[PDB]
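This report concerns only the one structure given below.
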Ligand SMILES: *[C@@H]1O[C@H](CO)[C@@H](O[C@@H]2O[C@H](CO)[C@@H](O)[C@H](O)[C@H]2NC(C)=O)[C@H](O)[C@H]1NC(C)=O
Ligand SMILES: *[C@@H]1O[C@H](CO)[C@@H](O[C@@H]2O[C@H](CO)[C@@H](O)[C@H](O)[C@H]2NC(C)=O)[C@H](O)[C@H]1NC(C)=O
Ligand SMILES: *[C@@H]1O[C@H](CO)[C@@H](O[C@@H]2O[C@H](CO)[C@@H](O)[C@H](O)[C@H]2NC(C)=O)[C@H](O)[C@H]1NC(C)=O
Ligand SMILES: *[C@@H]1O[C@H](CO)[C@@H](O[C@@H]2O[C@H](CO)[C@@H](O)[C@H](O)[C@H]2NC(C)=O)[C@H](O)[C@H]1NC(C)=O
Ligand SMILES: *[C@@H]1O[C@H](CO)[C@@H](O[C@@H]2O[C@H](CO)[C@@H](O)[C@H](O)[C@H]2NC(C)=O)[C@H](O)[C@H]1NC(C)=O
Ligand SMILES: *[C@@H]1O[C@H](CO)[C@@H](O[C@@H]2O[C@H](CO)[C@@H](O)[C@H](O)[C@H]2NC(C)=O)[C@H](O)[C@H]1NC(C)=O
Ligand SMILES: *[C@@H]1O[C@H](CO)[C@@H](O[C@@H]2O[C@H](CO)[C@@H](O)[C@H](O)[C@H]2NC(C)=O)[C@H](O)[C@H]1NC(C)=O
Ligand SMILES: *[C@@H]1O[C@H](CO)[C@@H](O)[C@H](O)[C@H]1NC(C)=O
Ligand SMILES: *[C@@H]1O[C@H](CO)[C@@H](O)[C@H](O)[C@H]1NC(C)=O
C-alpha cells in the first residue's frame, strides 16, 4: 500500500463499483481534477 | 444670418488614428502549488476545498477561451487570403 | 517567481505572423476590389474609379476627384508620411495597449507578493510552522494560512473577470468598426 | 486592373440565422435556511450579520427585475396586436412555417417548435410540492436539494405564449404593412410592392424584382425549407442558450455542494457539533461555519452580477437589432446578416430570440471594358454612381448588369476632354 | 444499510438517513421548512392589508377551507404563479400594476378598496386588411 488520492463511485445502491487512481497517469490526474469519470474532446490544463 | 450662405471652395484629405484593445493575457493557476508549495501536510488539509478551486479554474479557462474568440472575431473577416500585389502604385496613391 | 508559485501564462492561438497576414489580406482586398468583397464575391476595379465612387458617396460629384487626382494623391501621401513621422517620434499614442500589459503584470506580481501575510497565524512560513509545532496546532495555523491564500486567489479571479468584460466590449466595438469602416463606407457621424 | 470592370449578371436570395441570449434565471436566497438550516442556536448567532444578507438579497432582487426588463425591451416593440392573416400566400412567398397554424393545438410556429425542442431544461413548472419532494427521495432530485437548502428560482413575468404572441404580431405586421408601422401608424401594402421598394433600397431597380418574381419567391421558399431541415437535424445551433441554462444550474449545484466544507471547524455538521459540545465551544465552531457559508453566498452573488451585466449587453444589442433590421431596412454593413440586407423576421426561443435575415447576394460576374468618362463634341460626360461599359458603349448600375444607351439624361457634363485621365471618345444621343 | 453502517449522508454531508437501534428499520430524515413565499402590499402608507403568494402549493380544490399556508381567508385561489390568498379575482384585463409572475398582475382597486388580481393585457386589439 501507498498513500494516494482515490475517487470512488457509489451507485444507486450503497456499493462501490468503480474508482479512479489519481496518480496513475495524466488522464487520471485530469479526471480527478475535474471530478468526473468522463471527459469531452479538447485540451485541458493539468497540474504543474 | 437670414439671406446669405457660406460654401467651401477647397478641401483637404485627413488621416487619423484610432487605437483599440482586443485581447489580454490568458492565465492559469495551480491551487496546490500557490497555497501549499511542496508540503504534503498542507496538500492533505487542502483537499476539503476542491470545489472552490474548481470554480476558480473554470472562471479562468472561460476567460482564456474568450480571448482567442475576441481575436478571431476582430481579424478573421475574409474568406480568401488575397495576395499582396507586386506593384503598389495605384494611380499615385503610395501604399508601400 | 510567478512560475515557481504556480501561475502560468498561456500563448494565444493565432501568432503575430498570422494576424499580420490577415491585415495584409484585408488591405490588398480593399485596394484591389474596394467594398464589393465582404458583401459577396470580390469584384476588382481601378483605384481612381473606386475613389470617385467614394466621393460620390459624400454628395460630391466625381468630376472633382478626376480633375484634382494629382493633388488628392499628393495629400494622401503627405498624410501617410505625417503618420509615419509621428509614430517614429517617441510619444504615448499606444498607452491603452501598454496599460493593458501593465495591469496584467501588476496583478500577477501582487498575487506573488501577498504570500507574505500571516493572516493571523504565528508565521507566514509553512516550513517554520511545521518545524516548530506538532500536528495538532500546526493544523490550526495551516488552516488560517489556507483560508487567507484562497481569498487572495478569489480576489484575483474576480478582478480578472471584470477586466475581461471590459476588454470584450472593446473587442466587439473593434469588430463592428472593421465591418462598417474597412469593408464599407459609413454615414454615421464621427464613427469612422 | 486599370481598364476593366466585373459586373454581376445574376443574384440569389440568402437567409441566415442569428442567436442571441436575452434573459437568465431569476433567483433568491434564504440566508437563514442556507446557513443554519433549522438550528435555533445558529439562527440566534446569525443575527449580528443581518446587514450582509440584506445586501446580498438587494443585489439578487435587482438582477431579477432586470431580467424582466430585458425581455420587455426586446419583445414589446408594437402597440397593436396585429392579427395573424388567414391567407399566408403573399404573392408566392410562403410564410406558413414562421406563423402559427390555427389547426394545431400549439400557439407557436413550426420553426419555433423546433427551436424549443432543441434546448433541454431541468424543469419548466417553477412548482415543486413538499409531498413530491418527500416521496421521491430515492431519485435524489437536484431541485429538491436546492429548495431544501433555501435556494429558489422565480418565474418570468411574461409567459412563452405571450412572447410567441408578440413575435406573431411582429411577423404579421411586417408582412401586411412592411416598415411604415413602428414609425407611426401602420400602412398596409402588397408584398410585391414591398419587395420592390426593398430592392430599390439596395441600388437595384424594381423592374428586376417584378420581372423575376417567380424565381425570387422560389428561392425564398427554398431558403426557408433549408433552414427548417437544418433545424430539424440535430446540431449545436442553440449552444449559447444551452450554456446559459447550464451555467445557472451549475452555479446553484456548486452552492449546494459547498456546504460540506469544514472551514477549519471540527466538523461541517451543525447537529454533530451541538450534540458533542457545550455552548461555549459550540459557539466558536458555529462562528467559523457561519463565516465560511456567508463567504460562499457572497461569491455566488458576485458571479451572478457579472453574468447579468453580460446578459444585459446582449439584450441591448438584440433590441437594437429588432428595431433596425425587423422594423426597417438597414444600410450598416454586416449588421443584419451578410450581404445587402432586405428584411428580417424574429422567432422566440428559450431565454432568447432568433433572427432570420434575408439579404441579396450578387453572383455570376462578367467582364466589361470601362472608361471613367466619355468625350463628345469636346465636352466631358461623367457617370453618377453608374459605370460605362463596352459590350458600343452603355451605362449600367454596379449591382446588376442592365446596359442602357447613353443619353444626356444619365450623364453629367463637366469641363473639356483634357484634365480627365483615361477618357475615351464617344457620342451621346 | 450494511451491518457495519449506522448513518447515511448526502452530498452536502447532511445526515439524511438512519437505522433505528431497536427495530433495525431504515428511516429517511427530511427538513421541515420548505417552499417560497411572497408578500404583496399596496404600501403601508395606504393600508396594512397584504396578499400572500405561496409558490409550491396547489389550492385548486378548496375543500378544506393540511395545506402549507400560514392562514386562510377570503378569495383563496390558484394561479399560474402559485396559491394566492387575500386577493379578489377579476376577469377584466388592465396594464400590469404589480407583476406577480406568469402573466398575473395585482392592483389596489375600489370594490372601500381591496387587492385584486388579474391577467395582464398584451396590448390593444387591431384589424389590418392585407
Ligand atoms: C441494487 O440492488 C437491487 C437489489 O438486488 C438490484 O435489483 C435487482 O437487480 C437484479 C440484477 O439485474 C435483477 O435481476 C432483479 O430483478 C432486481 N430487483 C428488483 C427488485 O428490481 C439492482 O439492480 C441494484 N442496482 C444496480 C445499479 O446494480
Ligand atoms: C486648394 O488648395 C491647394 C493646396 O493649397 C491648392 O493646390 C495648390 O495649387 C498650386 C497652384 O494653384 C500649386 O502650386 C500648389 O503646389 C498646390 N498645392 C499646395 C499645397 O500648395 C489648390 O489650388 C486649391 N484649390 C483647388 C481648387 O484645388
Ligand atoms: C512610396 O514611399 C516610399 C517611402 O517613402 C518610397 O520608397 C523610398 O524611395 C526613396 C526614393 O527612391 C528611397 O530613397 C527610400 O529608401 C525608399 N524607402 C523605402 C522604405 O523603400 C517609394 O519610392 C514611394 N513610391 C513611389 C511610387 O513614389
Ligand atoms: C440566374 O440563376 C437562376 C438560378 O440558377 C436561373 O434560373 C434558372 O431558370 C431556368 C429557366 O430559365 C431553369 O430551368 C433553371 O432550373 C433555373 N436554375 C435554377 C433553379 O437553379 C436563371 O436563369 C439565371 N439567370 C437570371 C437572369 O436570373
Ligand atoms: C407552404 O409550405 C408548407 C410546408 O411545406 C406547405 O404545406 C405542406 O403541403 C404539402 C402539400 O399539400 C403537404 O403534403 C404537407 O403536409 C404540408 N405541410 C404542412 C406542415 O402543412 C404549404 O402547402 C405551402 N403553401 C403553399 C401555398 O404552397
Ligand atoms: C428491543 O426490545 C423491543 C421491545 O421488546 C423489541 O421490539 C419488539 O420486538 C418484538 C419481538 O420481535 C415484536 O413483536 C414487537 O412488535 C417489537 N416492538 C414492541 C414495541 O414490542 C425489539 O425487537 C428489541 N430490539 C432488539 C434489537 O433486540
Ligand atoms: C392541482 O391539483 C389539481 C387536482 O389534482 C389538478 O387539477 C387536475 O389536473 C389534471 C392534470 O393536469 C387535469 O387533467 C384535471 O382536469 C385537473 N382537474 C381540475 C378539476 O382542474 C391541478 O392540475 C393541479 N395544479 C397544478 C398546477 O399542478
Ligand atoms: C475577366 O478577365 C480576367 C483577365 O485576367 C480573367 O482572369 C477573369 O477570369 C475574367 N472573368 C471571367 C468571369 O471570366
Ligand atoms: C398616502 O396616504 C394616503 C392615505 O392612506 C393614501 O391614500 C395615499 O395614496 C398616499 N399618498 C400619496 C400616494 O401621495
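Residue numbers (PDB author numbering), protein chains in the order written: chain A, 244 to 291; chain B, 677 to 772; chain C, 821 to 1012; chain D, 677 to 1067, 1070 to 1107; chain E, 532 to 596, 605 to 650, 658 to 676. Beta carbons: idealized from backbone N, C-alpha and C, even for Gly.
Of the residues D:1090, D:1053 and D:985, the one placed nearest residue 742 of chain D, counting alpha carbons only | Along the fourth chain, one-based indexing puts residue 742 of chain D at 66. Looking at the Cα atoms, D:985 is the closest of the given residues.
What number of angstroms, rounded off, separates the C-alpha of residue 965 of chain D from the C-alpha of residue 758 of chain D?
-> For the purposes of this step, residue 965 of chain D is taken as the residue at position 289 of the fourth chain. For the purposes of this step, residue 758 of chain D is taken as the residue at position 82 of the fourth chain. In a straight line, the C-alpha of residue 965 of chain D is about 58 Å away from that of residue 758 of chain D.
Are residue 795 of chain D and residue 994 of chain D close, meaning C-beta to C-beta below 8 Å?
-> The residue you call residue 795 of chain D lines up with position 119 of the fourth chain. The residue you call residue 994 of chain D lines up with position 318 of the fourth chain. No, the Cβ-Cβ distance between residue 795 of chain D and residue 994 of chain D is not below 8 Å.
Heavy atom of ligand 9 within 7 Å of residue 577 of chain E beta-carbon | Counting from one through the fifth chain, the residue named residue 577 of chain E turns up at place 46. Distances from the CB of residue 577 of chain E to the heavy atoms of ligand 9 include at least one below 7 Å.
Within chain D, the residues that residue 546 of chain E reaches when beta carbons sit closer than 7 Å | Position 15 of the fifth chain holds residue 546 of chain E. Neighbours of residue 546 of chain E on chain D, chain order: 945 and 947.
Just the Cα atoms here: how many angstroms apart are residue 868 of chain C and residue 1002 of chain D?
-> Here residue 868 of chain C refers to the residue found at position 48 when the third chain is read from its first residue. Here residue 1002 of chain D refers to the residue found at position 326 when the fourth chain is read from its first residue. Each residue's alpha carbon lies about 37 Å from the other.
Report the partner residues of residue 252 of chain A according to the DSSP bridge assignment.
-> In the first chain, the residue the question calls residue 252 of chain A occupies position 9. Answer is A:261, bridged to residue 252 of chain A.
Limits of the unbroken alpha helix (DSSP H) element including residue 704 of chain D | The residue given as residue 704 of chain D occupies position 28 in the fourth chain. Unbroken run through residue 704 of chain D is the beta strand (DSSP E), 702 to 705; no alpha helix (DSSP H).
Counting only beta-carbon atoms, is residue 715 of chain B nearer than 8 Å to chain D?
-> Reading the second chain from its first residue, position 39 is the one you call residue 715 of chain B. Not one chain D Cβ lies under 8 Å of residue 715 of chain B.
Could you tell me if residue 1012 of chain D is buried or exposed, where buried requires 16 or more neighbouring beta carbons within 10 angstroms of its beta carbon?
-> Against the fourth chain, residue 1012 of chain D aligns to sequence position 336. Only buried fits residue 1012 of chain D, as 16 or more other CB atoms lie within 10 angstroms of its CB.
Residue span of the alpha helix (DSSP H) that contains residue 975 of chain D, given as start and end = Working through the fourth chain from its first residue, we reach residue 975 of chain D at position 299. 955 to 997 is the extent of the alpha helix (DSSP H) around residue 975 of chain D.
Can you name the start and end residues of the beta strand (DSSP E) that residue 1039 of chain D belongs to?
-> Taking the first residue of the fourth chain as 1, we reach residue 1039 of chain D at position 363. Looking at the DSSP string, the run of the beta strand (DSSP E) that includes residue 1039 of chain D is 1028 to 1045.
Does ligand 1 have a heavy atom nearer than 7 Å to the CB of residue 749 of chain B?
-> On the second chain, residue 749 of chain B is found 73 positions in, with the first residue counted as 1. Residue 749 of chain B Cβ: outside cutoff for every heavy atom of ligand 1.
The segment 730 to 747 of chain B: which residues have C-beta closer than 8 Å to a C-beta of chain C, in chain order?
-> When CB distances to chain C are screened at a threshold of 8 Å, the residues of the segment 730 to 747 of chain B falling below it are 732, 735, 736, 739, 740, 742, 743, 744, 746 and 747, in chain order.
Residue span of the beta strand (DSSP E) that contains residue 1072 of chain D, given as start and end = The sequence position of residue 1072 of chain D within the fourth chain is 394, counting from 1. Counting along the chain, the beta strand (DSSP E) containing residue 1072 of chain D begins and ends at 1071 to 1075.
Would you report the Cα separation of residue 858 of chain C and residue 746 of chain B, rounded to the nearest angstrom?
-> By one-based count along the third chain, residue 858 of chain C stands at place 38. By one-based count along the second chain, residue 746 of chain B stands at place 70. The straight-line gap from Cα to Cα measures roughly 19 Å.
Alpha carbon to alpha carbon, what distance is there between residue 832 of chain D and residue 290 of chain A?
-> Residue mapping note: residue 290 of chain A aligns to position 47 of the first chain, counting from 1. Residue mapping note: residue 832 of chain D aligns to position 156 of the fourth chain, counting from 1. Going from the Cα of residue 290 of chain A to the Cα of residue 832 of chain D covers about 42 Å.
Per DSSP, cross-strand counterpart(s) of residue 827 of chain D | As a position in the fourth chain, residue 827 of chain D is number 151, starting the count at 1. D:705, per the DSSP bridge assignment.
Check residue 584 of chain E in the structure and name its three-state DSSP category.
-> Position 53 of the fifth chain holds residue 584 of chain E. Strand, per DSSP.
Check: residue 686 of chain B C-beta below 7 Å from any heavy atom of ligand 2 | For the purposes of this step, residue 686 of chain B is identified with residue 10 of the second chain, where counting begins at 1. Correct: residue 686 of chain B has its Cβ closer than 7 Å to ligand 2.
So, using beta-carbon positions, are residue 900 of chain D and residue 689 of chain D closer together than 8 Å?
-> Here residue 900 of chain D is taken as the residue at index 224 of the fourth chain, counted from 1. Here residue 689 of chain D is taken as the residue at index 13 of the fourth chain, counted from 1. Contact: no.
If you follow the beta strand (DSSP E) that residue 1021 of chain D is part of, which residue opens it and which one closes it?
-> Counted from its first residue, the fourth chain places residue 1021 of chain D at position 345. Residues 1016 to 1025.
Taking any heavy atom of ligand 3 as the mark, which residues have a C-beta closer than 5 Å to it, listed down the chain?
-> Per the Cβ criterion, the list is B:770 and B:772.
Tell me, please, whether the CB atom of residue 1068 of chain D is closer than 8 Å to any CB atom in chain E?
-> Examination of chain D shows a numbering gap from 1067 to 1070; residue 1068 of chain D is inside it and therefore has no coordinates.
Can you tell me the Cα-Cα spacing of residue 776 of chain B and residue 871 of chain C, whole angstroms?
-> With chain B running from 677 to 772 in the structure shown, residue 776 of chain B is simply not present.
By C-beta, the residues closer than 5 Å to any heavy atom of ligand 7, given in chain order = Those residues whose C-beta sits under 5 Å from the nearest heavy atom of ligand 7 are, from N- to C-terminal order along the chain, E:589 and E:591.
For the alpha helix (DSSP H) holding residue 1057 of chain D, just list the boundary residues, first then last.
-> Position 381 of the fourth chain holds residue 1057 of chain D. Secondary structure note for residue 1057 of chain D: it is in no alpha helix (DSSP H), and the uninterrupted beta strand (DSSP E) holding it is 1055 to 1058.
Same chain, Cβ closer than 8 Å to residue 1101 of chain D, five either side skipped, listed in chain order = Your numbering for residue 1101 of chain D matches position 423 in the fourth chain. If we look at residue 1101 of chain D and ignore the five residues flanking it on each side, its Cβ neighbours are 1047, 1048, 1049, 1050, 1051, 1056 and 1095.
Inter-residue spacing [alpha-carbon to alpha-carbon] between residue 624 of chain E and residue 587 of chain E | Stepping through the fifth chain from its first residue, residue 624 of chain E is reached at position 85. Stepping through the fifth chain from its first residue, residue 587 of chain E is reached at position 56. The alpha-carbon atoms of residue 624 of chain E and residue 587 of chain E are separated by roughly 14 Å.
Are the beta-carbon atoms of residue 1032 of chain D and residue 693 of chain D separated by less than 8 Å?
-> Locating residue 1032 of chain D in the fourth chain gives position 356, counting from the first residue. Locating residue 693 of chain D in the fourth chain gives position 17, counting from the first residue. Yes, these two residues count as a Cβ contact at 8 Å.
For residue 825 of chain D, which residues in chain E fall below 9 Å Cβ to Cβ?
-> Residue 825 of chain D sits at position 149 when you count from the first residue of the fourth chain. Result: 543, 545 and 562.
Residue 750 of chain D and residue 916 of chain D: beta carbons closer than 8 Å?
-> Position 74 of the fourth chain, counted from the first residue, corresponds to residue 750 of chain D. Position 240 of the fourth chain, counted from the first residue, corresponds to residue 916 of chain D. No; because the gap between Cβ atoms is not below 8 Å, this pair is not in contact.
For residue 1026 of chain D, count neighbouring C-beta atoms within 10 Å of its own C-beta (all shown protein chains included) and say buried if the count is 16 or more, exposed if not.
-> Here the question's residue 1026 of chain D lines up with position 350 in the fourth chain. Looking at its Cβ environment, which holds 16 or more other Cβ atoms inside 10 Å, residue 1026 of chain D is buried.
Presumed contact (8 Å Cβ cut-off) between residue 931 of chain C and residue 725 of chain B, rounded CB distance = As a first step, residue 931 of chain C is located in the third chain; it is residue number 111 there, counting from the start. As a first step, residue 725 of chain B is located in the second chain; it is residue number 49 there, counting from the start. The Cβ separation is near 18 Å, so there is no contact.
Cα separation between residue 709 of chain D and residue 257 of chain A?
-> Here residue 709 of chain D is taken as the residue at index 33 of the fourth chain, counted from 1. Here residue 257 of chain A is taken as the residue at index 14 of the first chain, counted from 1. Distance between the alpha carbons of residue 709 of chain D and residue 257 of chain A is about 29 Å.
For residue 1069 of chain D, I'd like the list of residues in its chain whose CB is within less than 7 Å of its CB, leaving aside the five on either flank, ordered along the chain.
-> Structure remark: chain D lacks residues between 1067 and 1070, so residue 1069 of chain D is without coordinates.
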